[PDB]
Each structure stands twice: as structure tokens, then as C-alpha cells.
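Enquirer:
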Amino acid sequence: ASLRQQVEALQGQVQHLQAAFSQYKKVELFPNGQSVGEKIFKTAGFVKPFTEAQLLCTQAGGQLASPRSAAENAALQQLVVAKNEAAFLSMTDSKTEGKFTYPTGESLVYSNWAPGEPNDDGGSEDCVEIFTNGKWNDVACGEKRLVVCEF
Amino acid sequence: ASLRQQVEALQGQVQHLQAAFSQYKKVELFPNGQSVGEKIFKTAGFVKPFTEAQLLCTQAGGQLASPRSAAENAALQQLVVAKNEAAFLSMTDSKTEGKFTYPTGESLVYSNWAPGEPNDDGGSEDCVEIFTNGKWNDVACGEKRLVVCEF
Amino acid sequence: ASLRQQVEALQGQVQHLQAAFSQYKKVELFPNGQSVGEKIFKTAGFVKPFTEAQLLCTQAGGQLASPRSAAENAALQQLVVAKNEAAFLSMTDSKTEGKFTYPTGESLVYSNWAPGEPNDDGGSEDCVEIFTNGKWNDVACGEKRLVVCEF
Ligand SMILES: OC[C@H]1O[C@H](O[C@H]2[C@@H](O)[C@H](O)[C@@H](CO)O[C@@H]2O)[C@@H](O)[C@@H](O)[C@@H]1O
Ligand SMILES: OC[C@H]1O[C@H](O[C@H]2[C@@H](O)[C@H](O)[C@@H](CO)O[C@@H]2O)[C@@H](O)[C@@H](O)[C@@H]1O
Ligand SMILES: OC[C@H]1O[C@H](O[C@H]2[C@@H](O)[C@H](O)[C@@H](CO)O[C@@H]2O)[C@@H](O)[C@@H](O)[C@@H]1O
Ligand SMILES: [Ca+2]
Ligand SMILES: [Ca+2]
Ligand SMILES: [Ca+2]
Ligand SMILES: [Ca+2]
Ligand SMILES: [Ca+2]
Ligand SMILES: [Ca+2]
Ligand SMILES: [Ca+2]
Ligand SMILES: [Ca+2]
Ligand SMILES: [Ca+2]
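Chains as they are written, first to last, in this note's numbering: chain Z, 1 to 151; chain W, 152 to 302; chain Y, 303 to 453.
(1) Measure how close the beta-carbons of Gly335(Y) and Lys344(Y) come, nearest whole angstrom, since I'm counting them as under 8 Å.
(2) Shorter than 8 Å, the distance from the beta carbon of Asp272(W) to the closest heavy atom of ligand 9, or not?
(3) Can the beta-carbon of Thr394(Y) be found less than 9 Å from the beta-carbon of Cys359(Y)?
(4) Is the shortest distance between the beta-carbon of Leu230(W) and the beta-carbons of chain Y less than 9 Å?
(5) Quick check on the DSSP output: the alpha helix (DSSP H) that includes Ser22(Z) runs from which residue to which?
(6) Could you say which of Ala221(W), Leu168(W), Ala265(W) and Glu301(W) lies nearest to residue 313(W) if we only look at CA atoms?
(7) Less than 8 Å between the CB of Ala19(Z) and some heavy atom of ligand 1, yes or no?
(8) Taking a Cβ distance cut-off of 8 Å, strictly less, list which residues of the region 164-192 of chain W are near chain Y, in chain order.
(9) Relative to ligand 4, what is the chain-ordered list of residues with a Cβ closer than 5 Å to any of its non-hydrogen atoms?
(10) Am I right that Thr434(Y) and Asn386(Y) are in contact with their C-beta atoms under 8 Å? What's the rounded C-beta distance?
(11) Let's see if you can read the secondary structure: which residues bound the beta strand (DSSP E) around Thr194(W)?
(12) Report yes if the C-beta distance between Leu10(Z) and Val158(W) is below 9 Å; otherwise report no.
(13) With the cut-off set at 9 Å, would you say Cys141(Z) and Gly62(Z) are in Cβ contact?
(14) State the CB to CB distance for the pair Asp422(Y) and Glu399(Y), rounded to an integer number of angstroms; the pair is presumed to be in contact (CB under 8 Å).
(15) State the start and end residues of the unbroken alpha helix (DSSP H) segment that holds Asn235(W).
(16) So, helix, strand or coil for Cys443(Y), using DSSP?
(17) Answer with buried or exposed for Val81(Z), where buried requires no fewer than 16 other C-beta atoms within 10 angstroms of its C-beta.
(18) Would you please verify whether the beta carbon of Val7(Z) is less than 9 Å from any beta carbon of chain W?
(19) Around the C-beta of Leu180(W), are 16 or more other C-beta atoms found within 10 angstroms, so that it is buried, or is it exposed?
(20) For chain W, find out if any of its Cβ atoms is closer than 9 Å to the Cβ of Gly347(Y); answer yes or no.
(21) Can you name the residues of chain Z whose CB is closer than 8 Å to the CB of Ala211(W)?
(22) What residues of chain W sit near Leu3(Z), judged by a beta carbon separation below 8 Å?
(23) Beta-carbon within less than 8 Å of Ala87(Z)'s beta-carbon, same chain only, minus the 5 sequence neighbours each way: which residues are those?
(24) Going by the C-beta, is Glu452(Y) closer than 8 Å to any heavy atom of ligand 1?
(25) With a threshold of 9 Å between beta carbons, is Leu448(Y) in contact with chain Z?
(26) Could you tell me whether the Cβ of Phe453(Y) comes closer than 9 Å to any Cβ of chain C?
(27) So, helix, strand or coil for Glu374(Y), using DSSP?
Structure representation (C-alpha cells):
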């Protein structure tokens, strides 16, 4: 009656929010965001050394891009191609050389290394970038690569 | 009194939600977006040729700015005025020389041609740009113009 | 009635909506935003003079950043440091010299002045900027500093 009518109204509000929010999400993701599954990649539009880009992500409430999938990597790669800038991933074998780990300290459930990589070139390459072709290369942490954080 | 305090719940949350979403809408629209009606113009902030720009928009789940009225053209000019870059529109007479149409193929319902426009200069100008003064000029689709999508 | 078949509905949506929005929050605030309480500071990412910038904010539905607590101030300081540009605050003493107020003509409830500030250098400094250390300074309103709106 008066409850029928006000739930019926609660109905319209929630539909209005889904359409509005839906169109808003599109707006947010253009042009510096990629959506794939339940994760979002977003670029900061610029480049920084690993430690500098790493802290950018953590405090924004997310973390460096950690594609655990060829699908996540291809989307991330869509972002890297776009800026025409190779980007850091979250992974680092700085604990123990030769074995790369996610920031929790876990081990890689997925990789997309480029031929010859990782080679720890110079005896000092413990971070990872992703190329415009989507493939991986371990590299020194002090190099400035595109900042892309996952959410 | 049960579902009374069950729907009074969702209602509360739906309300707090609408406030949040409302403040956040105005945050994304700053500074690279305009809201006019139910349409949302958003500029990337850089220039591209028509085809690259067109792709960008289609891929963000939208398309190139297609002002359909005074009010809409005015909102779009804002973005243009602000970036001091002439932007591209979706409209083309690539099919029938002299007949400009939206991507859907439909003929124009509004226009704002600059005095003496279009002129298909050089014997080839199939695309459209909006100036900082609002008026329209046709241009070669190879030109790099400001990218602005509509959602 | 059959209403309990429909509140079981609003429930799930509101749930899905709230979670989905909660993630785009972190998404949007990166890299140019910072929340603090229920206020958001958002940088336009460039520098303009007081008059021009205060308009970009007021036309975006907001206003020039008005930190009113040590917290709100610390948050704003975050942005300024990141972009490495001292930013304008909303407050001026153009009405009455030596007397700083908000756009509401209201008088300050928090300040974090640099030592010996404000000094109205050359008797021509009616505006406020905030340094990369969080400290305040009264500057020429004609000067161009970082644009940051509070929403
Ligand atoms: O910084 C120069 C060079 O560094 C990176 O790659 C280097 C090394 O990591 C690779 O193993 C070898 C062979 O693949 O090439 C470089 O020595 C990349 O950032 C690369 O793009 C860059 O030119
Ligand atoms: O790319 C050069 C020039 O192209 C466009 O305008 C040209 C033509 O379309 C106009 O009809 C004439 C008359 O003003 O001007 C040019 O010839 C514009 O995009 C223009 O800004 C640009 O310089
Ligand atoms: O652009 C010069 C200078 O202006 C501002 O500071 C000036 C004045 O307002 C200060 O009171 C004194 C003492 O700190 O310094 C200057 O004279 C600031 O905007 C400053 O960053 C700037 O370099
Ligand atoms: Ca090592
Ligand atoms: Ca290594
Ligand atoms: Ca290497
Ligand atoms: Ca033609
Ligand atoms: Ca033509
Ligand atoms: Ca022309
Ligand atoms: Ca004065
Ligand atoms: Ca003064
Ligand atoms: Ca001063």
C-alpha cells in the first residue's frame, strides 16, 4: 500500500544508479584504464623508478600491475601500447636472485617472458617491465618505466 | 515492522549510495569532461588522426563527439576552449561527397558550420573539427585533432 | 505479499553496486585525487592564476581547496608534493586587508602559515598558496600556481 509504493520507488532509484554508474565506469576507464575480469589497470600517465612507482600504487589502495593471465596481460599490454611506454610489474626476485615473486612473497602463477629473459643483465636486474609487444624483461629497479597500478 | 526495517535498510544504503556517486561524478568530470543532458563529453587530452581517434572511442565503449544541438555544441566547445585544441567529430561525407552523416549513416540534425564551410578544400576533406569558437570546418582525416569522446 | 520476492532483489543489486563503486573510488583518485573525511581534493594538473582557477572549480561544482583541519591539510599536502607545485587555496583578504576569508566571506577556522606569513609583500598579496611542505603563504593573485579543487 504505502510499502508497496515506496519499495516500488526504491526500485526506480536502483535502476537509475545502475545505468548512471554503468556509463560513469566507461567515462572513468577512458583513456588511462583497462578492465579485465574483476581487476582494473590504470596508468598514472608518467614514469618512475620501481620503488617510486611501487609506493604510488600501495597508497592509492591498489598495487603495481600483476597480470596473472594472458587475458590480463593482453589488456595491460593494451595500456602499455597506448602510452607507448614499457611499464613495471609488481614482481621482483630481490629476495633470492633467479626466482621472481609477487609482492606478498608468493610465486608466479603466470609469466610472459621475452626470448632470453630473465638474464639479470649486469648482474643487477631484479625488477620487471612489460613491452608494447606484451612480453617481459627483467630490468634494474632504478629505471623509470610507465606507472600502471591494478585495482 | 520486519520488512519495514528491512526495506528501510536498503533505502538508507541506496540513499547514502546516491550521495557518494553524485560527488564522484563531478570529480571524474573535472577537468576533462562535460555533462550536457544525459550525454557526457570527455577529452583524452591529446591529438590523433581521425581513424585512430575514432577507434579509441569505439573501444572505450563510446564514440567521437557528435553535438546534436546548441546546448551540446556549447558543452563540447568548453572542452575545446580549455585544451586550446580543435577537436574531431564523428561526422563524415566519405560515402557521398557533400553529404555528412553520423556513424550510423543518418544525415545531420544540427550543424554549426563556420562561414564558408564546408569547402572540401584541396579536393578532399571528409571529416569534421570543432574550433575554440564553436564553429565547424571540414578537414582531411589525416590531420591530428584533439580527441574527445561522447558517452 | 510477493514483495519479499523483490526485496531479495534490491538487496543483491545494492550489494553489487556498493562493492563495484567502492573499487572505482580507488580507481578515480589515482593519481590526481585524495579523499579526507567526506571531502575530495582533485588537482587539475596544471597551473593558472587565482581568478581563472577559482572559476574552473566553481564551474566544476566545487571550489578552490579549503583545508580546514590538520588532516584535510595533510591530505592536500600529498597532492602538492606529488605534482611538485605550490597550489592555490580558496581564501583571500581582498575584502578587508589582513583578514582572510573563504568564498563564503567566512573567517578561517584553520591555518598553517609559514613563519612570518602572511606578510602582504609589496602590499599586493591577497591570495593563499600551499607549499610542498604544507605551509601557507600569501601571494599575488595574478601568479600562476597548481589548480586543485575541493569536491
Ligand atoms: O636500459 C637499456 C635497456 O635496458 C633494458 O634491457 C636491457 C637488459 O635488461 C636486456 O636483457 C638486454 C637484452 O634484452 O637489453 C638491455 O641491455 C630495456 O629497458 C631495454 O629496452 C633498454 O634498451
Ligand atoms: O591543415 C591546415 C588547416 O586545415 C584546416 O582548414 C583549412 C581548410 O579546411 C579551410 O577551409 C581553410 C579556410 O580557412 O583553411 C585551411 O586551408 C584547419 O584545420 C586549419 O586550422 C589548418 O591550419
Ligand atoms: O615568485 C617569487 C616567490 O613569491 C612567493 O614568496 C614571496 C613572498 O610572498 C614571500 O613572503 C617571501 C618570503 O618567503 O618570498 C618571496 O618574496 C612564493 O610564491 C615563492 O615560492 C616564490 O618563489
Ligand atoms: Ca640480484
Ligand atoms: Ca635478477
Ligand atoms: Ca634483462
Ligand atoms: Ca571526398
Ligand atoms: Ca568532403
Ligand atoms: Ca574546410
Ligand atoms: Ca590588499
Ligand atoms: Ca593581503
Ligand atoms: Ca607572503
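Ideal Cβ positions, reconstructed from N, Cα and C, are used throughout, including at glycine.
Expert: Taking the coordinates as given:
(1) 5 Å
(2) yes
(3) With respect to the 9 Å criterion, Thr394(Y) and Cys359(Y) are not classified as neighbours on the basis of their beta carbons.
(4) no
(5) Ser2 to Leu29
(6) Absent from the model: residue 313(W). The displayed extent of chain W is 152 to 302, so no value can be given.
(7) no
(8) Contacts with chain Y (Cβ-Cβ distance below 8 Å) from the region 164-192 of chain W involve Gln164, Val165, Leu168, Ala171, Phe172, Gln174, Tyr175, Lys177, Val178, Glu179, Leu180, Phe181 and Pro182, listed in chain order.
(9) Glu97(Z) and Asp126(Z)
(10) 6 Å
(11) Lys190 to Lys199
(12) yes
(13) no
(14) Here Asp422(Y) really is in contact with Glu399(Y); their C-beta atoms are around 7 Å apart, less than 8 Å.
(15) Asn235(W) -> no alpha helix (DSSP H), and no H or E assigned at all.
(16) coil
(17) exposed
(18) True, the Cβ-Cβ gap to chain W drops below 9 Å.
(19) buried
(20) yes
(21) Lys26, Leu29, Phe30 and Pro31
(22) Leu154, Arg155 and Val158
(23) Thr43, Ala65, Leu76, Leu79, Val80, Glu129, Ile130, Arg145, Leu146, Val147 and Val148
(24) Because no heavy atom of ligand 1 lies under 8 Å away, the Cβ of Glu452(Y) does not count as near it: no.
(25) no
(26) The structure shown contains no chain C; the protein chains it does contain are Z, W and Y.
(27) helix
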